[PDB]
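Asker: First the structure, which I've put down as structure tokens, then a few questions once you've had a look.
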């Protein structure tokens, strides 16, 4: 029985990271995590890393499509933060950028990390971006990498 | 009146099983169920079974597309576990991987088992992965098989 | 005054372990315990251990009768898990498989370990199958062994 | 270490199904499940299936004894439904027909499926005979078959 | 300004993993995590991994001392689980095995991963050994590795 | 991948058991357990067992140091009982005799079993010294033994 388990190192790969500046104070750690994990752990040279900055998490898709489409990159790490509020705007943003980044994947064949925090409080976000419960940004990068070699393994 | 009822044996197909390592402690039984049911019940030789390991349940799709697309396999058994928490991350993961694996089906013609536990507690998950209420992993495999022969029957 | 105290080592005797796959996620540790204790502690060679897998705990008896009857084995370790639910099905299963395995004993002269968890929750079962309160599976094996030498001592 | 895991297919075996007509409205699905699972999954020819109809679940034993005793059949699937009521009649029926079918097993060596619903409501029974929580009738048949090959494996 | 950041790969150094069998049902995943992360992520060959099995978490120290002392190994991953109960036994065990493994470090110069779950429920432990909140076992190994190269970097 | 699993038999090695007479009515079973398990299970000859009686559990350490130090013994089983009361005397005793026996270990290389009940009631102690929840005294001896062979295995 043949099994495919893939590691998170991939010294070559050119990875593209996209980020929303809205909720910067939180998305900024997400990048730090991502990049660190990318180089340090994934053996990626820091010039095979390009970082595209779109305004809001709602724009993450188009960005990560023009990227993956381009072809130059082996994976895109999508980094954003959406914290619910007064209205169900959160609903449509978080969603249109989940279903978004998701469709960009299935249409490009390029793996894309859903590094988008969809929470309820700054409290929860600060938890999931460096403190108590990890740093999804980095995670997103590792899962990015891994997926690179996984797809490669077929 | 002609009726199509198909059995779960198919000691001929090559099945591909994909799995998220996140929630391993629970997804691991899912695999055990799947594989057992696959061979034991489905008469499948254990070298026509390949098992691809992606990080998270969010990645199950791309994996199961590269697989089905490939052509080598007659069906893909998707195995993952998503248990709700503080935020509606659960929402987007579970969803983007349900609608995901769903689309991979209708676009590849390759049957795909939705063996993804979408629950509320480790309590519920442990129920649905071996104990009280069956072992969806195995089920997923049987439904996988059956569907193989069902499709074949047209 | 002559006293009979018997140890748990018995590197010769061939032990047969029977197991219900229902509640696999719990019964599986029961087996691990059983086997470890059997070899490691009981000095049993791992080819004098045969493991029969019946569907449900209700079937444990017939299995462990055909075994003991057979004669080849020196003791049978019965391993199953029954957790109560909506109806008193638990009642009849647990019972018909307690009184069952019991009768197989008195009619075969072959010791049989009642390694069947009869509980109320997955919580309680997980306690009694490796965690907080031991690992009845193993226990069942040791009591199995000991009994071998105890009977022998008469 | 030698392990016995047995499949649910068994072409040449002749299975005898017994059924109580009391609670027909519920037992009837039990039969449908049983038979379907018997042929479809177990590869059993529908003329090696005989179906004996006794009045009440209390009678299931004698029926399933004269059957197994007879010898012609490789296993008996016992199908009935007992739903508690005003008195503890349920107690004695369900019991005398659990311990019953149990004894018929250990004395005939012929596996017998305990496909008898012992519940509290039509609600629970309808759950356990086709809807929400499976279709014990079918299950009873599969466990029946499996046991056939399991015993055979010794 | 010179900075020391170290990666988690180290395909040459021989790691020793120690484990308490008490709370097996939980410590077993701890091992699975550890090992996977060790090889898969850390590039460690699976014969440079030795696994010592002590009875209880209280014994973890002496084991991990005889190991590190020995010299053959570059790091020890300590894996155990202690879940509080009726008395403050938990107190002394968890403690004497924290301060324990700690002292073994500072006296051997060999890094040691504190992969010992000190919780309040099987619920919490199952969270911290594969499911909801990661798999400390794996973590312990990565921190183990990293520390190898960190120390090396001085 | 090389694994070290050790059994509890060790008919050579000379074990020294130490015991507090305070709480005799409870510690006495602790000894019975210990000794039984030692000989019966561990194959230890009853003249390779010496039993030192110190007044209180606070004294257990010095006793078990002069012993291990001595060299004649292969392991020390420490047996005492401390049940909390009006003041936090319990605190300092239980502690100074946990940390105590712990240090004697790491400084002598001689395994030492922490067979000291640290409870809240005679109720709890009677549970943990023969009745409901085992007989820690015996346990302490087995873990003693096992550790002997475990250390030996390096």
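This entry, so its header tells us, was determined using X-ray crystallography, 3.5 Å.
Using N, Cα and C of the backbone, Cβ positions are placed for all residues, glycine too.
For A:89, the entry in Swiss-Prot reads active site, proton donor. Taken from Swiss-Prot, the feature 5-amino-6-(D-ribitylamino)uracil binding site covers A:22, A:57, A:58, A:59, A:81, A:82, A:83, A:114, and the record attributes it to similarity to another entry. What Swiss-Prot lists as (2S)-2-hydroxy-3-oxobutyl phosphate binding site is A:86, A:87, A:128, and the listing cites a curator's inference.
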Asker: Could you state, as a whole number of Å, the largest distance between Cα atoms of any two of A:86, A:87, A:128, the listed (2S)-2-hydroxy-3-oxobutyl phosphate binders?
Answerer: 23
Asker: Can you tell me how many other Cβ atoms are located within 10 Å of the Cβ belonging to residue A:83 (5-amino-6-(D-ribitylamino)uracil binding site)?
Answerer: 18
Asker: Please report the three-state DSSP label of residue A:128 ((2S)-2-hydroxy-3-oxobutyl phosphate binding site).
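Answerer: Assignment for residue A:128 ((2S)-2-hydroxy-3-oxobutyl phosphate binding site) reads helix.
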Asker: Here's one to test understanding: among the recorded positions A:86, A:89, A:128, whose C-alpha is closest in space to the C-alpha of residue A:114 (5-amino-6-(D-ribitylamino)uracil binding site)?
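Answerer: Among A:86, A:89, A:128, A:128.
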Asker: 5-amino-6-(D-ribitylamino)uracil site residues A:22, A:57, A:58, A:59, A:81, A:82, A:83, A:114: biggest Cα-Cα distance, Å?
Answerer: 17
Asker: Just counting, how many other CB atoms are there within 10 A of the CB of residue A:89 (active site, proton donor)?
Answerer: 12
Asker: Out of A:22, A:58, A:114, give me whichever of these binding-site residues has the highest number of other Cβ atoms within 10 Å.
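Answerer: Max Cβ neighbours within 10 Å, all protein chains included: A:114.
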Asker: CA-CA, which of the recorded positions A:86, A:87, A:89, A:128 lies nearest residue A:58 (5-amino-6-(D-ribitylamino)uracil binding site)?
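Answerer: Nearest listed residue in space: A:89.
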Asker: Could you list the residues of the same chain, at least six apart in sequence, whose Cβ is under 8 A from the Cβ of residue A:128 ((2S)-2-hydroxy-3-oxobutyl phosphate binding site)?
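Answerer: Long-range Cβ contacts: A:117, A:119, A:134, A:135, A:136.
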Asker: So if I measure Cβ to Cβ from residue A:81 (5-amino-6-(D-ribitylamino)uracil binding site) and keep only same-chain residues at least 6 apart in sequence, which ones fall under 8 Å?
Answerer: A:20, A:22, A:23, A:26, A:27, A:30, A:57, A:116, A:117, A:119, A:125, A:129
Asker: Can you tell me which of the recorded positions A:86, A:87, A:89 is spatially closest to residue A:59 (5-amino-6-(D-ribitylamino)uracil binding site)? Compare CA atoms only.
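Answerer: Closest candidate to residue A:59 (5-amino-6-(D-ribitylamino)uracil binding site), judged by Cα separation, is A:89.
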Asker: I'd like to know which of the binding-site residues A:57, A:82 has the most other Cβ atoms within 10 Å of its Cβ.
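Answerer: Checking each of A:57, A:82, the winner is A:57.
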Asker: May I ask you to pick out the recorded positions among A:86, A:87, A:89 with a CB closer than 8 angstroms to chain B's CB atoms, ordered by sequence, or 'none' if no residue qualifies?
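Answerer: Out of A:86, A:87, A:89, none lie under 8 Å of chain B.
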Asker: Give me the Cα-Cα distance between residue A:83 (5-amino-6-(D-ribitylamino)uracil binding site) and residue A:89 (active site, proton donor), rounded to a whole Å.
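Answerer: Distance between the two Cα atoms comes out at 10 Å.
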Asker: Let me know how many other Cβ atoms fall within 10 Å of the Cβ of residue A:86 ((2S)-2-hydroxy-3-oxobutyl phosphate binding site).
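Answerer: A count of 6.
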